[PDB]
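*Asks:* any chance you could fold what I've pasted below:
(6 chains, ligands or ions: 5)
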Amino acid sequence: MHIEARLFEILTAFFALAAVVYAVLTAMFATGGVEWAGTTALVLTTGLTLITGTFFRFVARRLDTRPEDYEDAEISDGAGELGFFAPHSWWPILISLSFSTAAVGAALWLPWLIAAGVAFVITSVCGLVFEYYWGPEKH
Amino acid sequence: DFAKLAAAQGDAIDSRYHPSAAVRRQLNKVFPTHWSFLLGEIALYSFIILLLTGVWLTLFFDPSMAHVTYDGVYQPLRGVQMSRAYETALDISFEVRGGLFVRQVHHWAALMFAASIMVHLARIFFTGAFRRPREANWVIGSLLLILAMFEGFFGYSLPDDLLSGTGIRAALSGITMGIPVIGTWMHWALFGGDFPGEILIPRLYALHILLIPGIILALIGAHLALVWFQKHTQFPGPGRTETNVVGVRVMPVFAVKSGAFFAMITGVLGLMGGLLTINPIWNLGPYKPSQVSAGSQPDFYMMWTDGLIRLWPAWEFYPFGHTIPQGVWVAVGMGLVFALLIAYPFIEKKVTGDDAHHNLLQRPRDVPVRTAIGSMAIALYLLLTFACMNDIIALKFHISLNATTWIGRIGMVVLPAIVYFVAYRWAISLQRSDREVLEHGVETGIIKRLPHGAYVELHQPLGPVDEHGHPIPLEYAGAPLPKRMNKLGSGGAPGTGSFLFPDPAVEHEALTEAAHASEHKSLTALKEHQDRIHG
Amino acid sequence: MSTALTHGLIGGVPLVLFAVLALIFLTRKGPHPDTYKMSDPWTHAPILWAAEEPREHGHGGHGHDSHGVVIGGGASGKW
Amino acid sequence: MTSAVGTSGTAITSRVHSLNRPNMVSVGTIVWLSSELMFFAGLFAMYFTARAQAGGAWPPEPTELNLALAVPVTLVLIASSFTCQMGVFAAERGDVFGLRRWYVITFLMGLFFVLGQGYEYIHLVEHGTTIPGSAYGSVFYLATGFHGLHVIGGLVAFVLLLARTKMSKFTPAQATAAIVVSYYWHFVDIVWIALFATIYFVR
Amino acid sequence: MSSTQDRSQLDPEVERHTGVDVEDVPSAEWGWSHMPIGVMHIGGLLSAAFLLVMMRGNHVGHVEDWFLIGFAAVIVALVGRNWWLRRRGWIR
Amino acid sequence: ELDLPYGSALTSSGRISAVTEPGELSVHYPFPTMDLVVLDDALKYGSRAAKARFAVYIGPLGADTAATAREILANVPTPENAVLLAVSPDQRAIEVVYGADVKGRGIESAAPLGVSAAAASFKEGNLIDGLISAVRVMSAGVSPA
Ligand SMILES: CC(C)=CCC/C(C)=C\CC/C(C)=C/CC/C(C)=C/CC/C(C)=C/CC/C(C)=C/CC/C(C)=C/CC/C(C)=C/CC/C(C)=C\CC1=C(C)C(=O)c2ccccc2C1=O
Ligand SMILES: CCCCCCCCCCCCCCCC(=O)O[C@H](COC(=O)CCCCCCC[C@@H](C)CCCCCCCCC)COP(=O)(O)O[C@H]1[C@H](O)[C@H](O)[C@H](O)[C@@H](O)[C@@H]1O
Ligand SMILES: CCCCCCCC/C=C\CCCCCCCC(=O)OC[C@H](COP(=O)(O)OCCN)OC(=O)CCCCCCCCCCCCCCC
Ligand SMILES: CCCCCCCC/C=C\CCCCCCCC(=O)OC[C@H](COP(=O)(O)OCCN)OC(=O)CCCCCCCCCCCCCCC
Ligand code: HEM
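*Replies:* Numbering: from 1, shown residues only, chains lettered A, B, ... in the order given. Ligands and ions are numbered 1, 2, ... in the order given. Shown next is the protein structure:
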């Protein structure tokens, strides 16, 4: 994952430079000193990309060259057991509906419809997560 | 010596009477263990709770319009003219220990009774538990639902209240008095004269504590006797045929689980009677014709009738020197609703042509037209129920009241059609999913084929597999199919120690091996019984 | 300016342009081959069409084998 | 159904073989946490703008932070992170019950942190400062209470994962699920360290 | 593997030889699966007629009538499209 | 062995990955899309009643027309219960062939009727309409097994 990590490393370098230069040029040469909104946003997007790039670099050093990363890699090299990709499931729509019922409850300030949307969201997230772990019914 | 006492009492019972054979038949009677078959039990248990709480309430309720100044304990209503019914309802709420709780759990039990009757009706209608046999059972059940609706209507109207009295003035008075040929005659004969006649609440009290509940009890007895002696139908399954009942016997398992379910249902009802406020009559001042609120809704079971009243578009006819108010429209609508509900099994048999003795239910997906019609009817009922609530819907969810009314008006012909089409196609697509599972096996994780980059989901066949990879497709048998290896013998043996700590490996191995042996034994017993029946 | 003129313009110029462009483009020979005339020789390669109507055991090709042609009659005609 | 067409002992397995390949669930969780960092960045921007526009006395006169109750809770959150990492080690091993113990104590300490934050909220509200009451109160409550909502979400994730481990046998799939839940908890405690250093020490 | 196949013999009794077929509704034999198209066409036409008729009422409003007109128009358009397509054999 | 004149290559598996130039099509059938749709509708559900795979072969079936009809029927996926109507306008010939399972179901009686419909339509000058008419007539004649 060398290139995958290096992309985020480059983004981190650029965003750190942008945050530093913005902070300096806003502490001096601005009407009211540091802006404190753009500065924080730039610092923490630098943090975003830094976290992602650091994890990607850790993984790149932890893993040997994958076929995907390896030029001149035959299809047979990667041929094998791909993992579990979830088949058909109707839990995502229920999660979306529950979160929409919480969102409308927040918009129209209805604590009762917030409380229920959140319950709804917990139930549907539990269903989605347990979908492929609910053992056979034991009677 | 409890064993000796039990043996002696059994001998005494079998000597005085001879109930051995009948009792053994009752104990050995087999009941299917499907969850959807407990929906009627919910209604039965809620009815029992209703009876028990209603006796307590009758011990303290005084039905009368005799005007009285409160002079009670509730300060916000002191010196205000009120009927004795309202005064004694307030006394139950305040000056009787646990009276508020008892009346609240009574009203919550009424709401659960209506809701569970509705859910049971949905179950039976969608699973076809009414055709050829049990059609009369469906008929009497429809009568029971209507009686429950009007029983709750008279119940929450029993304590003369602003809200409930306004509901009475609307429905019982206006609708009754608008009926063309005999409307005023029915009104005067029910109310002993004009609307506020001094006998309305006593008459409703009689109807609500003795007459209608007596009929409900008789019809529930008939219903349960019919279910008992016309053995309960069951979903298609491994060993389940039209001439057998696969399940559990009454004595060891069914009886205990039904009693436990009764306990849990009454616990839910008590918890809700405590924690949730129902019908705060003290907030709802005494009935006065000049006073009214903005809510003015009936309980959720009569909410569809009220919504019909609201939505119907003010069509009145004036024959020669007469008037035909809009109340007759809703009255005829209710009549049609009840007639169709009562006569559906006969309508369905006339339409389709099936008079065969059906003991195996059919999954709602397997009957697209009937599930579509039921979905359409439920959509219409929900539309009417929310139309009745359009006032609060408009208030809270910021939508103009006229907009809500006209949304209901247009939807009650648009939404039923949309839901019919969607439900029909949804049922057919559920059938298609079942067929795809039958012919391809269950779905699993993807695998990349060795030589080439083909991706294959690596299914798992549910039946015998052909010489090559693809399996021999099975034939649909009217029973649900496992669409997740999750629910099959795949990744289902966690360490059986505990939540925090393990158990010894010997104990864990013994337990898991015994469980696997029990599963093998059960599946083999079902398979052998199925083979014996069909061979 | 000339409310009626502006309304007519906004309602008509799109229609006039649509008509002109449809005449230009929709009236062009498509890529679909022209219908085969009976008089003309049959130049296209043989075309065998099948219904895919009934159920065919299992979708898997293997196991089908070749039981045989098992002919079951015949017919003939000359237009 | 001879044995199985899919030669796997788990209906659900790791989404890719993690020994040679990256764990997709971990990668997705890390990316999403990096996004939640930007959400908290927006909250931090709000707080810092309010701080800048304050007229010297950043915490207004009515408000007074209670380090006595803010230091124990952050220490407990750090301890929760350590116990969560121990549970991660258990999950990396096959130690189902060790993972369960570690995650249960982590959940208990996170609940203690939430209750301590609620107690400090009650005390602060009693002593004047309130969301509508002041800009400091509002920005502080938005930041710390959104973090508290994230902590509650982490608690829900903990209990939900524990239920999953109860209902299905431990596999690399559940080990990875525990790992990503721990990633979320570590992100939550890190943003709490940032919020503590900002609200209380830096002020 | 821990699942047993199901054998079902439900009592049957129209014989389904006319109407819908298994290729269109896989469980045609297992329950009521065909609603005559005339029923749905007439139902749509009557729903449109009811929507139009609700225009006549005691409402000074006009957006209500326009909404009724639009919904009735789309209902009639759907019914007409379906009827025309089935008349021509599901073409265009 | 040779793939299509340009742009079509044999892949790692059996499937041949083929291409067509951007402006042109792939089917190249010399019939209107609507009439092809009508014929497909016939073969698909107007034959569902017959429960026998109905097939149409417009290609040229030369030499012994009967025998070439037999083997092009053999090429049908399920010749056991199949009814192949072959028309060669280069020879102005119709040949109908049937599978062994398609016997005594009214197919033999319908054979002259279908061929007559096809011939009438062809002499009128409509290959596709004749094919549709023949398919309809034969499907009506044939009863499900
Ligand atoms: C302040 C204040 C007044 C508070 C109190 C509120 C108030 C007024 C009233 C509520 C208070 C009370 C008394 C609540 C409890 C109600 C009650 C009796 C609950 C019983 C549940 C319980 C305690 C279970 C303990 C657990 C246990 C060991 C259970 C197994 C042994 C038991 C109890 C078995 C009971 C079996 C049972 C439910 C029999 C019901 C008898 C009836 C009416 C019908 C039987 C019956 C049933 C149940 C069917 O399902 C059925 C289905 C299809 C065809 C026919 C039938 C049929 O005939
Ligand atoms: C059960 C619900 C599902 C229903 C299904 C049926 C779907 C069909 C809906 C039909 C909609 C009809 C809308 C028209 C109605 C109408 O005619 O009223 C108008 C108001 O127009 C509007 O907004 C139109 C809004 C239409 C939006 C419909 C949204 C559909 C939602 C409800 C679907 C979600 C359903 C959720 C399901 C939940 C599931 C529960 C399990 C004007 O009132 P007014 O306000 O007085 O306007 C005055 C001026 O006119 C005048 O100039 C000016 O002077 C002023 O006086 C001004 O006030
Ligand atoms: C919320 C929703 C509203 C509430 C909905 C609940 C009410 C009941 C629901 C639907 C009823 C209408 C059903 C559809 C009726 C079908 C009509 C037809 O064309 O007849 C064909 C049939 C098949 O025969 P087949 O040999 O299979 O041939 C296949 C031919 N294609 O013929 C027959 O046997 C029957 C002919 C006569 C049937 C008369 C049924 C109605 C009786 C009066 C009751 C009032 C009805 C109220 C309607 C709402
Ligand atoms: C795609 C369509 C796109 C259509 C988009 C148009 C949107 C513009 C609507 C409102 C703008 C604000 C004006 C607000 C005031 C209204 C204008 C006015 O005054 O117009 C004269 C009279 C009423 O006179 P009035 O003095 O209001 O008093 C009366 C009683 N006292 O109405 C008329 O004839 C002319 C009709 C005016 C509006 C009717 C629009 C309703 C719904 C259209 C179709 C819905 C389709 C549903 C499909 C399923
Ligand atoms: C059969 C089904 C029944 C239903 C659906 C039902 C429903 C109701 C409802 C909703 C109320 C309103 C309670 C309140 O507003 O606080 C009520 C009141 C009452 N019910 Fe029933 N009930 C039923 C049976 C009974 C029975 C069997 C009795 C007598 C044993 C009874 C006696 C009473 C009394 C005395 C009141 C007045 C309580 C008050 O005014 O607060 N009910 N009923």
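
*Asks:* for chain D, what's the nearest residue on chain E?
*Replies:* Among the residues of chain E, residue E:1 lies nearest to chain D; the distance is 5.2 Å by CB to the nearest CB. C-beta here means a position set from N, CA and C on the backbone, and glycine is covered the same way.

*Asks:* can you list the residues of chain E near chain B?
*Replies:* Counting by CB under 8 Å from any CB of the partner chain, chain E comes close to chain B at E:1-14, E:25-27, E:30-35, E:43-44, E:47, E:50-51, E:54, E:57-58, E:61, E:64, E:67-68, E:71, E:75.

*Asks:* intersect those residues with the contacts of ligand 2.
*Replies:* Subset of the residues of chain E next to chain B in contact with ligand 2: E:61, E:64, E:67, counting by CB under 6 Å from any ligand atom.

*Asks:* with neighbour count, secondary structure and distance to residue C:69 added, can I get the residues you listed in CSV?
*Replies:* Listed next are those as CSV, based on neighbours: other CB atoms under 10 Å in any protein chain shown; DSSP: H, G, I helix; E, B strand; the rest coil; distance: CB to CB, whole Å:
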residue, neighbour count, secondary structure, distance to residue C:69
E:61, 11, coil, 74
E:64, 20, helix, 70
E:67, 19, helix, 65
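
*Asks:* distance to residue C:40 for these - can I get that in TSV?
*Replies:* Formatted as TSV, these follow (distance: CB to CB, whole Å):
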residue	distance to residue C:40
E:61	66
E:64	62
E:67	57
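
*Asks:* in strands, which of the residues of chain E next to chain B fall?
*Replies:* Of the residues of chain E next to chain B, none are assigned to strands by DSSP state E.

*Asks:* now the buried members of those.
*Replies:* E:2-8, E:10, E:25-27, E:30-35, E:43-44, E:47, E:50-51, E:54, E:64, E:67-68, E:71, E:75 (16 or more other CB atoms under 10 Å in any protein chain shown).

*Asks:* list, out of these, those positioned next to chain A.
*Replies:* Restricting those to those near chain A - CB under 8 Å from any CB - leaves residue E:2.

*Asks:* what about residue 79, how many neighbours?
*Replies:* Defaulting to chain A. 17 (other CB atoms under 10 Å in any protein chain shown).

*Asks:* my question was about chain E
*Replies:* Neighbour number of residue E:79 under other CB under 10 Å is 18.

*Asks:* touching, it and residue E:41? I think so.
*Replies:* Yes: Residue E:79 lies in contact with residue E:41 (CB atoms under 8 Å); the separation is 5.4 Å.

*Asks:* list the contacts for residue B:399?
*Replies:* Neighbouring residues of residue B:399 by CB atoms under 8 Å, 6 or more residues apart in numbering or on different chains: B:393, B:407.

*Asks:* what residues are up against the residue of chain E closest to chain D?
*Replies:* Counting by CB under 8 Å, 6+ apart, residue E:1 has contacts B:488, B:489, D:1, D:3, D:4.

*Asks:* now do the phi/psi pair for the spatially most central residue of chain E.
*Replies:* Nearest residue to the geometric centre of chain E (CA atoms, centre = their mean): residue E:40, 4.1 Å. Backbone torsions of residue E:40, given as degrees, to the nearest 10, read phi -70, psi -40.

*Asks:* grab the nearest non-local neighbour of the closest residue to chain E within the stretch 301-450 of chain B.
*Replies:* Using CB to the nearest CB, the single residue of the stretch 301-450 of chain B nearest to chain E is residue B:367, 3.0 Å away. Spatially, and ignoring its direct neighbours in sequence, residue B:367 is nearest to residue E:31 (3.0 Å; CB to CB, 6 or more residues apart in numbering or on different chains).

*Asks:* for that neighbour, what are its contacts?
*Replies:* Contacts of residue E:31 by CB under 8 Å, 6+ apart are B:128, B:362, B:366, B:367, B:368, B:369, B:370.

*Asks:* so what's the closest residue in space to residue B:318 that isn't next to it in sequence bridging to?
*Replies:* Sequence neighbours aside, residue B:324 is the residue nearest to residue B:318 in space, at 7.0 Å (criterion: CB to CB, 6+ apart). Note on residue B:324: beta-bridge partners by DSSP bridges are residue B:317.

*Asks:* and residue B:324, how far is that from chain C?
*Replies:* 47 Å (CB to the nearest CB, to the nearest Å).

*Asks:* how many residues are close by that residue?
*Replies:* 16.

*Asks:* try residue B:133
*Replies:* Residues near residue B:133, counting by other CB under 10 Å, number 15.

*Asks:* where's it, which helix or strand?
*Replies:* In the assignment (DSSP states H and E), residue B:133 maps to no helix and no strand.

*Asks:* what residues are up against it?
*Replies:* Contacts of residue B:133 (CB under 8 Å, 6+ apart): B:230, B:357, B:358, B:359.

*Asks:* repeat for residue A:110
*Replies:* A:104, B:396.

*Asks:* now do the strands in chain C.
*Replies:* Under DSSP E, chain C gives strands at C:48-50.

*Asks:* pick out the residue of it closest to chain B.
*Replies:* For chain C, CB to the nearest CB, closest residue to chain B: residue C:60, 2.8 Å.

*Asks:* just to check, residue B:154 is in contact with residue B:208?
*Replies:* Yes: using CB under 8 Å, residue B:154 is in contact with residue B:208, at 4.2 Å.

*Asks:* pull the longest helix from chain D.
*Replies:* helix D:135-167 (DSSP state H).

*Asks:* same question for chain B.
*Replies:* Assigned via DSSP H, chain B shows its longest helix as helix B:401-440.

*Asks:* tell me what the helix or strand following that one is packed against?
*Replies:* Scanning forward in sequence from helix B:401-440 by DSSP H and E, the next helix or strand is strand B:447-448. Using 3 or more CB pairs under 8 Å, 6 or more residues apart in numbering or on different chains; DSSP states H and E, the elements in contact with strand B:447-448 are strand B:455-456.

*Asks:* number of residues surrounding the closest residue to ligand 4 within chain E?
*Replies:* Per CB to the nearest ligand atom, residue E:70 is where chain E lies closest to ligand 4, at 2.5 Å. Neighbourhood size, residue E:70 [other CB under 10 Å]: 12.

*Asks:* and the one 3 residues further on, by the same measure?
*Replies:* For residue E:73, the neighbour count with other CB under 10 Å is 13.

*Asks:* now residue B:34
*Replies:* 17.

*Asks:* what sits against it?
*Replies:* Per CB under 8 Å, 6+ apart, neighbours of residue B:34: B:234, B:235.

*Asks:* quick check: residues of chain B near chain A?
*Replies:* Counting by CB under 8 Å from any CB, the residues of chain B near chain A are B:33, B:396-398, B:433, B:443-453, B:455, B:457, B:483-484, B:486-489, B:491-492.

*Asks:* strands along chain F, start to end?
*Replies:* According to DSSP E, the strands that chain F contains are F:9-10, F:16-17, F:53-57, F:82-88, F:93-98.

*Asks:* mean neighbour count and distance to ligand 5 added to the ones you listed, as CSV?
*Replies:* Listed next are the strands of chain F as CSV, based on neighbours: other CB atoms under 10 Å in any protein chain shown; distance: least, CB to the nearest ligand atom, whole Å:
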stretch, mean neighbour count, distance to ligand 5
strand F:9-10, 10, 75
strand F:16-17, 12, 70
strand F:53-57, 26, 62
strand F:82-88, 27, 66
strand F:93-98, 26, 69
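
*Asks:* out of those, the one nearest residue B:141 is which?
*Replies:* The closest of the strands of chain F to residue B:141 is strand F:53-57. By CB to CB, the value is 49.6 Å.

*Asks:* how about residues contacting that closest one?
*Replies:* C:46-54, F:39, F:42-43, F:47, F:69, F:72-73, F:76-78, F:81-87, F:131, F:135, F:138-139.
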